[PDB]
Amino acid sequence: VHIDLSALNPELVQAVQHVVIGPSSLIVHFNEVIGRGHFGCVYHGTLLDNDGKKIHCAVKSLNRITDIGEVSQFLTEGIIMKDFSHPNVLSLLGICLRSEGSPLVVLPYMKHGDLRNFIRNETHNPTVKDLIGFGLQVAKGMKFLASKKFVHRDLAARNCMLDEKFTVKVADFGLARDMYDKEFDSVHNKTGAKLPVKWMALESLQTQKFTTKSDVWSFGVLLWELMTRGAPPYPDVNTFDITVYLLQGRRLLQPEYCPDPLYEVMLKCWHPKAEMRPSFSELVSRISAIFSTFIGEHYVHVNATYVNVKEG
Ligand SMILES: Nc1ncnc2c1ncn2[C@@H]1O[C@H](COP(=O)(O)OP(=O)(O)OP(=O)(O)O)[C@@H](O)[C@H]1O
Ligand SMILES: [Cl-]
Ligand SMILES: [Mg+2]
């Protein structure tokens, strides 16, 4: 990937200067891979603060941003994202604008990793309260993004991170855009198996457009992930034909430990009409009420070999 930085709009280059982190401020430990996902690779990094204090960070390469036009748009979004501050939204510390690679985002290192692994771990023992509480934190972070008219596009439990205080931080907002654009219009992905279709709203699968209302659908799937302690949604449905599955009149089953009013909320998030789905503001209100009724005595028991659903 070669990016001709002299081909960027001068006013943009000036406008994003305060977001850009230079090589003398950042070491990316490329031999210390954290992992790879849908649209990038994450590495350990070391950032210097204003006082020259050493800061542990995570650095993500955005590998599907490969062309000047895509870099340009990303920079505009970087300026917007840098200004976000909310306890349930992962900070953007800055960006690396490279001439010989895809651009990087510099993120605070999240001590306790992602929410999906945190709940899946068999040595952890979450209660219904704990799981709903995590969902409330995610709803709050999404309520903030929605207030900024900022579409996530890749919301899922894997993209909610936990910091040293166990505060949930919604992560990877906006960054899936170019990967989606390319994979929707690729002769190598006509099946759609390269995309996270299990979290996508019906209308997003059909139209390739993403909105805050489509994030609400993803949030419903995220709640299902929470209440099953990280089960994979819809096993053996990983293609655009999830649309066929959905249109037969189907939704994810109620997890055994999912309270009835929370399952009602999930069904609202998957309303066929996007405009009839609750806002994140409404979701925070409703989930705060359901959360308040629990006292942390109902341990959620799951097993690796199957998903336990409501039966009695
Ligand atoms: N700020 C961070 N601190 C620590 N680990 C991180 C951070 N950001 C991402 N990771 C981890 O790096 C790995 C890869 O992240 P990446 O975001 O590319 O994939 P993902 O989150 O699994 O899926 P997606 O591509 O849908 O985001 C994951 O293990 C992820 O939890
Ligand atoms: Cl409980
Ligand atoms: Mg991610």
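Let's see how each residue does on (1) acidic (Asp, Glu); (2) buried (at least 18 other Cβ atoms within 10 Å of the Cβ); (3) assigned by CATH to the domain that holds residue 161; (4) within 19 Å of residue 119 (Cα to Cα):
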site: 183; (1), (2), (3), (4): yes, yes, yes, no
site: 193; (1), (2), (3), (4): no, no, yes, no
site: 209; (1), (2), (3), (4): no, no, yes, no
site: 213; (1), (2), (3), (4): no, yes, yes, no
site: 221; (1), (2), (3), (4): no, yes, yes, yes
site: 228; (1), (2), (3), (4): no, yes, yes, yes
site: 236; (1), (2), (3), (4): yes, no, yes, no
site: 247; (1), (2), (3), (4): no, no, yes, no
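Filtering region 152-202 to residues that are more than 11 Å from ligand 1 (Cβ to nearest atom) and polar (S, T, N, Q) leaves 167, 186, 189, 191.
Of all residues in region 30-67, those satisfying the criterion of being surrounded by fewer than 17 Cβ atoms within 10 Å (Cβ to Cβ), of a type outside the set (S, T, N, Q) and over 21 Å from the mean Cα position of the chain (by Cα) are 30, 32, 48, 49, 51, 52, 53, 54, 55, 56, 67. For region 135-190, filtered to residues that are under 22 Å from residue 57 (Cβ atoms) and basic (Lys, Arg), the residue that is nearest to ligand 3 (Cβ to nearest atom) is 158. Total residues in region 201-220 satisfying the condition of being within 17 Å of the chain's Cα centre (by Cα) and within 22 Å of residue 264 (Cβ to Cβ): the figure is 10. Selection over region 265-288 of residues that are free of Cβ contacts under 8 Å to residues at least 12 places away in the same chain and part of a helix (DSSP H, G or I) gives a count of 3. Residue count for region 272-306, restricted to those that are surrounded by fewer than 19 Cβ atoms within 10 Å (Cβ to Cβ) and in contact with a strand residue (DSSP E or B) (Cβ under 9 Å, 6 or more places away or on another chain): 6. Which condition from (1) touching a helix residue (DSSP H, G or I) at 6+ places or on another chain (Cβ under 8 Å); (2) more than 16 Å from ligand 2 (Cβ to nearest atom); (3) outside any loop (DSSP other than H, G, I, E, B); (4) not basic (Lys, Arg) is the one that residue 132 breaks? Of the numbered conditions (1) touching a helix residue (DSSP H, G or I) at 6+ places or on another chain (Cβ under 8 Å); (2) more than 16 Å from ligand 2 (Cβ to nearest atom); (3) outside any loop (DSSP other than H, G, I, E, B); (4) not basic (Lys, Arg), the odd one out for residue 132 is (2).
Applying the criterion of being basic (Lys, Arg) and within 15 Å of residue 286 (Cβ to Cβ) to the residues of region 116-149, the residue that is surrounded by the most Cβ atoms within 10 Å (Cβ to Cβ) is 140.
All of this is worked out from the model, or read from it or from the source named; these are not laboratory values. Cβ coordinates were reconstructed from backbone atoms using ideal geometry, including for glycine residues, and neighbour counts include every protein chain displayed.
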